[PDB]
$ cat final.cif   # mmCIF, C-alpha atoms; chains and numbers go by the auth columns
data_target
loop_
_atom_site.group_PDB
_atom_site.id
_atom_site.type_symbol
_atom_site.label_atom_id
_atom_site.label_comp_id
_atom_site.label_asym_id
_atom_site.label_seq_id
_atom_site.Cartn_x
_atom_site.Cartn_y
_atom_site.Cartn_z
_atom_site.B_iso_or_equiv
_atom_site.auth_seq_id
_atom_site.auth_asym_id
ATOM 1 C CA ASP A 1 -12.828 35.095 -31.585 0.00 25 A
ATOM 2 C CA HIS A 2 -9.623 36.391 -30.005 0.00 26 A
ATOM 3 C CA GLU A 3 -9.877 35.818 -26.235 0.00 27 A
ATOM 4 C CA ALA A 4 -7.093 34.034 -24.350 0.00 28 A
ATOM 5 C CA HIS A 5 -8.606 30.873 -22.848 0.00 29 A
ATOM 6 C CA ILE A 6 -7.564 28.518 -20.075 0.00 30 A
ATOM 7 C CA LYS A 7 -5.952 25.417 -21.594 0.00 31 A
ATOM 8 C CA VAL A 8 -5.781 22.001 -19.971 0.00 32 A
ATOM 9 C CA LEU A 9 -2.551 21.196 -21.793 0.00 33 A
ATOM 10 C CA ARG A 10 -2.324 17.660 -20.377 0.00 34 A
ATOM 11 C CA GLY A 11 -4.901 15.238 -19.011 0.00 35 A
ATOM 12 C CA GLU A 12 -8.481 14.486 -20.031 0.00 36 A
ATOM 13 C CA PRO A 13 -10.782 15.053 -17.050 0.00 37 A
ATOM 14 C CA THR A 14 -14.410 14.033 -16.724 0.00 38 A
ATOM 15 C CA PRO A 15 -17.043 16.803 -16.559 0.00 39 A
ATOM 16 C CA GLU A 16 -17.225 16.379 -12.763 0.00 40 A
ATOM 17 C CA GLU A 17 -13.467 16.877 -12.467 0.00 41 A
ATOM 18 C CA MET A 18 -13.734 19.841 -14.830 0.00 42 A
ATOM 19 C CA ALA A 19 -16.425 21.276 -12.560 0.00 43 A
ATOM 20 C CA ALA A 20 -14.269 20.766 -9.455 0.00 44 A
ATOM 21 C CA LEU A 21 -11.278 22.376 -11.190 0.00 45 A
ATOM 22 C CA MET A 22 -13.373 25.333 -12.356 0.00 46 A
ATOM 23 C CA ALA A 23 -15.065 25.918 -8.989 0.00 47 A
ATOM 24 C CA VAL A 24 -11.659 25.875 -7.284 0.00 48 A
ATOM 25 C CA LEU A 25 -9.956 28.119 -9.842 0.00 49 A
ATOM 26 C CA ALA A 26 -12.966 30.467 -10.015 0.00 50 A
ATOM 27 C CA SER A 27 -13.057 30.936 -6.239 0.00 51 A
ATOM 28 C CA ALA A 28 -9.272 31.270 -6.049 0.00 52 A
ATOM 29 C CA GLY A 29 -9.379 33.902 -8.794 0.00 53 A
ATOM 30 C CA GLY A 30 -8.487 37.377 -7.636 0.00 54 A
ATOM 31 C CA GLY A 31 -11.105 39.923 -6.692 0.00 55 A
ATOM 32 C CA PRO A 32 -11.435 43.566 -7.876 0.00 56 A
ATOM 33 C CA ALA A 33 -7.723 44.288 -8.278 0.00 57 A
ATOM 34 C CA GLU A 34 -7.123 47.731 -9.809 0.00 58 A
ATOM 35 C CA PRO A 35 -10.414 49.084 -8.447 0.00 59 A
ATOM 36 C CA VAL A 36 -12.857 50.981 -10.657 0.00 60 A
ATOM 37 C CA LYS A 37 -13.132 53.999 -8.285 0.00 61 A
ATOM 38 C CA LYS A 38 -9.473 54.997 -7.796 0.00 62 A
ATOM 39 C CA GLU A 39 -10.187 58.722 -7.444 0.00 63 A
ATOM 40 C CA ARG A 40 -7.641 61.434 -8.185 0.00 64 A
ATOM 41 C CA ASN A 41 -6.561 63.340 -5.056 0.00 65 A
ATOM 42 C CA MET A 42 -3.397 65.452 -5.407 0.00 66 A
ATOM 43 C CA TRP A 43 -3.591 67.018 -1.932 0.00 67 A
ATOM 44 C CA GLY A 44 -0.114 67.013 -0.420 0.00 68 A
ATOM 45 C CA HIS A 45 1.487 65.097 -3.276 0.00 69 A
ATOM 46 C CA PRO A 46 5.248 64.650 -2.625 0.00 70 A
ATOM 47 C CA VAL A 47 6.208 66.780 -5.657 0.00 71 A
ATOM 48 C CA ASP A 48 4.763 69.834 -3.900 0.00 72 A
ATOM 49 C CA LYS A 49 6.966 69.209 -0.846 0.00 73 A
ATOM 50 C CA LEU A 50 10.268 69.606 -2.710 0.00 74 A
ATOM 51 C CA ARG A 51 12.357 72.759 -2.810 0.00 75 A
ATOM 52 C CA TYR A 52 12.840 73.972 -6.384 0.00 76 A
ATOM 53 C CA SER A 53 15.304 76.618 -7.460 0.00 77 A
ATOM 54 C CA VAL A 54 13.391 79.423 -9.145 0.00 78 A
ATOM 55 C CA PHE A 55 14.940 78.344 -12.475 0.00 79 A
ATOM 56 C CA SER A 56 14.845 74.560 -11.934 0.00 80 A
ATOM 57 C CA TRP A 57 13.856 72.685 -15.106 0.00 81 A
ATOM 58 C CA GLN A 58 12.126 70.138 -12.877 0.00 82 A
ATOM 59 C CA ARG A 59 9.477 72.846 -12.480 0.00 83 A
ATOM 60 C CA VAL A 60 8.528 71.823 -16.026 0.00 84 A
ATOM 61 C CA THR A 61 9.508 68.181 -16.270 0.00 85 A
ATOM 62 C CA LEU A 62 8.438 67.074 -12.758 0.00 86 A
ATOM 63 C CA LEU A 63 6.117 69.535 -10.997 0.00 87 A
ATOM 64 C CA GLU A 64 3.961 70.722 -13.904 0.00 88 A
ATOM 65 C CA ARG A 65 4.139 67.308 -15.575 0.00 89 A
ATOM 66 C CA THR A 66 2.930 65.651 -12.367 0.00 90 A
ATOM 67 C CA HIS A 67 0.070 68.096 -11.768 0.00 91 A
ATOM 68 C CA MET A 68 -1.129 68.094 -15.384 0.00 92 A
ATOM 69 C CA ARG A 69 -0.723 64.407 -16.257 0.00 93 A
ATOM 70 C CA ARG A 70 -4.180 62.853 -16.268 0.00 94 A
ATOM 71 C CA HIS B 1 33.475 115.816 -21.748 0.00 26 B
ATOM 72 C CA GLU B 2 31.291 117.037 -18.859 0.00 27 B
ATOM 73 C CA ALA B 3 28.158 119.155 -19.257 0.00 28 B
ATOM 74 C CA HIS B 4 28.921 122.548 -17.697 0.00 29 B
ATOM 75 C CA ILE B 5 26.546 125.216 -16.441 0.00 30 B
ATOM 76 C CA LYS B 6 26.163 128.064 -18.934 0.00 31 B
ATOM 77 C CA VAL B 7 25.215 131.732 -18.520 0.00 32 B
ATOM 78 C CA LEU B 8 23.663 132.923 -21.776 0.00 33 B
ATOM 79 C CA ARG B 9 22.953 136.669 -21.356 0.00 34 B
ATOM 80 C CA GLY B 10 24.950 139.407 -19.632 0.00 35 B
ATOM 81 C CA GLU B 11 28.097 139.009 -17.542 0.00 36 B
ATOM 82 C CA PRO B 12 27.945 139.068 -13.729 0.00 37 B
ATOM 83 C CA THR B 13 30.840 140.499 -11.756 0.00 38 B
ATOM 84 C CA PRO B 14 32.903 138.008 -9.716 0.00 39 B
ATOM 85 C CA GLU B 15 30.729 138.846 -6.685 0.00 40 B
ATOM 86 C CA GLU B 16 27.520 138.136 -8.624 0.00 41 B
ATOM 87 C CA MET B 17 29.088 134.960 -10.030 0.00 42 B
ATOM 88 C CA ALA B 18 29.935 133.782 -6.519 0.00 43 B
ATOM 89 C CA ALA B 19 26.436 134.554 -5.226 0.00 44 B
ATOM 90 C CA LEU B 20 24.761 132.793 -8.176 0.00 45 B
ATOM 91 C CA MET B 21 26.912 129.676 -7.832 0.00 46 B
ATOM 92 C CA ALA B 22 26.692 129.684 -4.020 0.00 47 B
ATOM 93 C CA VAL B 23 22.887 129.747 -3.989 0.00 48 B
ATOM 94 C CA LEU B 24 22.708 127.071 -6.702 0.00 49 B
ATOM 95 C CA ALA B 25 25.149 124.890 -4.745 0.00 50 B
ATOM 96 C CA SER B 26 22.939 125.368 -1.692 0.00 51 B
ATOM 97 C CA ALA B 27 19.965 124.318 -3.834 0.00 52 B
ATOM 98 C CA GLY B 28 21.823 121.081 -4.618 0.00 53 B
ATOM 99 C CA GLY B 29 19.721 118.992 -2.218 0.00 54 B
ATOM 100 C CA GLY B 30 19.811 115.190 -2.049 0.00 55 B
ATOM 101 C CA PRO B 31 20.858 112.001 -0.199 0.00 56 B
ATOM 102 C CA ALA B 32 24.533 113.041 0.137 0.00 57 B
ATOM 103 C CA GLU B 33 25.430 109.429 -0.787 0.00 58 B
ATOM 104 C CA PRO B 34 23.707 108.165 -3.971 0.00 59 B
ATOM 105 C CA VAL B 35 24.488 104.438 -4.458 0.00 60 B
ATOM 106 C CA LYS B 36 22.740 101.190 -5.417 0.00 61 B
ATOM 107 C CA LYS B 37 20.396 100.278 -2.562 0.00 62 B
ATOM 108 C CA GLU B 38 20.427 96.990 -0.637 0.00 63 B
ATOM 109 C CA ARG B 39 18.403 94.243 -2.337 0.00 64 B
ATOM 110 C CA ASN B 40 15.681 92.643 -0.191 0.00 65 B
ATOM 111 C CA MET B 41 13.149 90.436 -2.010 0.00 66 B
ATOM 112 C CA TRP B 42 11.303 89.327 1.146 0.00 67 B
ATOM 113 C CA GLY B 43 7.574 89.423 0.449 0.00 68 B
ATOM 114 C CA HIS B 44 7.928 90.882 -3.031 0.00 69 B
ATOM 115 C CA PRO B 45 4.515 91.215 -4.774 0.00 70 B
ATOM 116 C CA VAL B 46 5.364 88.639 -7.477 0.00 71 B
ATOM 117 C CA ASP B 47 5.476 85.913 -4.831 0.00 72 B
ATOM 118 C CA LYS B 48 1.936 86.799 -3.709 0.00 73 B
ATOM 119 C CA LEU B 49 0.174 86.107 -7.018 0.00 74 B
ATOM 120 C CA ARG B 50 -1.547 82.858 -7.934 0.00 75 B
ATOM 121 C CA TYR B 51 0.028 81.298 -11.028 0.00 76 B
ATOM 122 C CA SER B 52 -1.599 78.409 -12.838 0.00 77 B
ATOM 123 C CA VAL B 53 0.692 75.391 -12.704 0.00 78 B
ATOM 124 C CA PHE B 54 1.376 75.844 -16.439 0.00 79 B
ATOM 125 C CA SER B 55 1.356 79.667 -16.576 0.00 80 B
ATOM 126 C CA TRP B 56 4.115 81.167 -18.737 0.00 81 B
ATOM 127 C CA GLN B 57 4.310 84.071 -16.298 0.00 82 B
ATOM 128 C CA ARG B 58 6.153 81.625 -14.038 0.00 83 B
ATOM 129 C CA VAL B 59 9.013 82.224 -16.486 0.00 84 B
ATOM 130 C CA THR B 60 8.524 85.757 -17.729 0.00 85 B
ATOM 131 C CA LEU B 61 7.337 87.402 -14.471 0.00 86 B
ATOM 132 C CA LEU B 62 8.136 85.330 -11.369 0.00 87 B
ATOM 133 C CA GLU B 63 11.500 83.853 -12.319 0.00 88 B
ATOM 134 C CA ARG B 64 12.778 86.890 -14.202 0.00 89 B
ATOM 135 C CA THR B 65 11.811 89.088 -11.246 0.00 90 B
ATOM 136 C CA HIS B 66 13.772 86.895 -8.836 0.00 91 B
ATOM 137 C CA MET B 67 16.803 86.317 -11.074 0.00 92 B
ATOM 138 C CA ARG B 68 17.201 89.825 -12.501 0.00 93 B
ATOM 139 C CA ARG B 69 20.103 91.679 -10.915 0.00 94 B
#
$ encode --input "final.cif" --output "structure tokens"
Amino acid sequence: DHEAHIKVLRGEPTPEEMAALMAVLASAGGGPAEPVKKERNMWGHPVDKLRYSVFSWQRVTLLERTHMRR
Amino acid sequence: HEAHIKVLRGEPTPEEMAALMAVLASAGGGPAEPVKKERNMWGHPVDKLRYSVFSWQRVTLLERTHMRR
């Protein structure tokens, strides 16, 4: 077992007070942060708006990098 | 060190020499002012092509075509 658990570092609550603590913390706990269906959509990405000199190395290290990074 | 016209057989008289050269000089048609023409890259074909975002032709065709002078 290698999960990181909640620790009551001080105090010794009764099982009712444990239940109250858990129901509060569990309903306070954040919802679906970092959502599972964050689609990719590169339409109009800011890197395509920039002017690049025809020989600008940022055409490799910014533009192509940004399109191809997955 | 210039390359001169040569006549290889027979000798024309000065009159025939003048007529020969005069007609050849008349045949020297052309622009009357041969010099390096004005550069205008507007709408050059290489800008019209689709290049993959990682296509090496973005270096060896598109960029070299724009930058070459």
$ atom_distance --input "final.cif" --atom1 "atom CA of residue A:55" --atom2 "atom CA of residue A:39"
25.8 Å
$ closest_atom_pairs --input "final.cif" --of "chain B" --to "stretch 81-92 of chain A" --cutoff "12 Å" --atoms "only C-alpha atoms" --output "CSV"
residue,atom,partner,partner_atom,distance
B:76,CA,A:88,CA,11.6
B:77,CA,A:88,CA,9.5
B:78,CA,A:88,CA,5.8
B:79,CA,A:88,CA,6.3
B:80,CA,A:88,CA,9.7
B:81,CA,A:84,CA,10.7
B:83,CA,A:83,CA,9.5
B:84,CA,A:83,CA,10.2
B:88,CA,A:83,CA,11.2
$ atom_distance --input "final.cif" --atom1 "atom CA of residue B:91" --atom2 "atom CA of residue B:73"
12.9 Å
$ atom_distance --input "final.cif" --atom1 "atom CA of residue A:79" --atom2 "atom CA of residue B:65"
18.9 Å
$ closest_residue --input "final.cif" --among "A:35, A:61, A:73, A:30" --to "residue A:49" --atoms "all atoms listed in the file"
A:30
$ closest_residue --input "final.cif" --among "B:57, B:49, B:86, B:92" --to "chain A" --atoms "all atoms listed in the file"
B:92
$ axis_aligned_box --input "final.cif" --around "stretch 39-48 of chain B" --padding-each-side "6 Å" --output "JSON"
{"center_x": 27.9, "center_y": 134.3, "center_z": -7.0, "size_x": 22.0, "size_y": 21.2, "size_z": 18.0}
$ closest_residue --input "final.cif" --among "A:51, A:40, A:93, A:78" --to "chain B" --atoms "all atoms listed in the file"
A:78
$ residues_around --input "final.cif" --residues "residue B:30" --least-positions-apart "2" --cutoff "12 Å" --atoms "all atoms listed in the file" --output "list in words"
residues 27, 28, 32, 33, 42, 45, 46, 49 and 50 of chain B
$ residues_around --input "final.cif" --residues "residue A:42" --least-positions-apart "6" --cutoff "10 Å" --atoms "only C-alpha atoms" --output "PyMOL selection string"
chain A and resi 32+36+48
$ write_last_selection --input "final.cif" --atoms "C-alpha atoms" --output "CSV table (one decimal), in the frame of the given file"
chain,number,residue,atom,x,y,z
A,32,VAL,CA,-5.8,22.0,-20.0
A,36,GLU,CA,-8.5,14.5,-20.0
A,48,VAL,CA,-11.7,25.9,-7.3
